[PDB]
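Undergrad: structure for the following, please:
(chains A and B)
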There are 2 protein chains.
Amino acid sequence: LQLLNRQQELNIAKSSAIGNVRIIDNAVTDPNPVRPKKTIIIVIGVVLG
Amino acid sequence: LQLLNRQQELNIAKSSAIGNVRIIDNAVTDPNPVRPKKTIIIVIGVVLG
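TA: Numbers count the residues shown, from 1 in each chain, chains lettered A, B, ... in the order given. Please find the structure below.
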């Protein structure tokens, strides 16, 4: 199975059309959390109450 | 001799005609069943009642 995969991956690489994909921006993490959004949660709680 | 040349060309052409399909992901089963959807069934039962 591993060799079948190696053959398949090699065919995948060989049949690759894109000449060279480039990494413009390496991954970086935003220090401000995206969830939970405290303000909207509190507003929703107050309105629901 | 020309027929022999055409034979060699046809043999190489037949041997080289391989590709057009490069399966990316193999068959994989989702362990979570898709049917029946228990929650919607229970909700429908309660609402119908």
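Undergrad: now do the helices in chain A.
TA: Per DSSP state H, chain A carries helices over the ranges A:2-14, A:38-48.
Undergrad: check which residues of the shortest one are buried.
TA: By neighbour count, with 16 or more other Cβ atoms under 10 Å in any protein chain shown as the criterion, helix A:38-48 contains no buried position. C-beta coordinates here come from the backbone N, C-alpha and C atoms, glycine included.
Undergrad: output that helix as PDB, nothing but the C-alphas.
TA: What follows is helix A:38-48, C-alpha atoms only, in PDB (Å, rounded to 0.1, in the frame of the first residue of the first chain):
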ATOM      1  CA  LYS A  38     -17.900  39.300  24.300                       C
ATOM      2  CA  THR A  39     -19.700  42.500  23.400                       C
ATOM      3  CA  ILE A  40     -22.300  41.000  21.100                       C
ATOM      4  CA  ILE A  41     -22.800  38.100  23.600                       C
ATOM      5  CA  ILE A  42     -23.500  40.600  26.400                       C
ATOM      6  CA  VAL A  43     -25.800  42.700  24.200                       C
ATOM      7  CA  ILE A  44     -27.700  39.600  23.100                       C
ATOM      8  CA  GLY A  45     -28.100  38.500  26.700                       C
ATOM      9  CA  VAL A  46     -29.400  41.800  27.800                       C
ATOM     10  CA  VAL A  47     -31.900  42.100  24.900                       C
ATOM     11  CA  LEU A  48     -33.000  38.500  25.400                       C
END
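Undergrad: follow-up on the earlier one: turn the helices of chain A into CSV, including distance to chain B.
TA: Listed next are the helices of chain A as CSV, based on distance: least, Cβ to the nearest Cβ, whole Å:
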stretch, distance to chain B
helix A:2-14, 6
helix A:38-48, 22
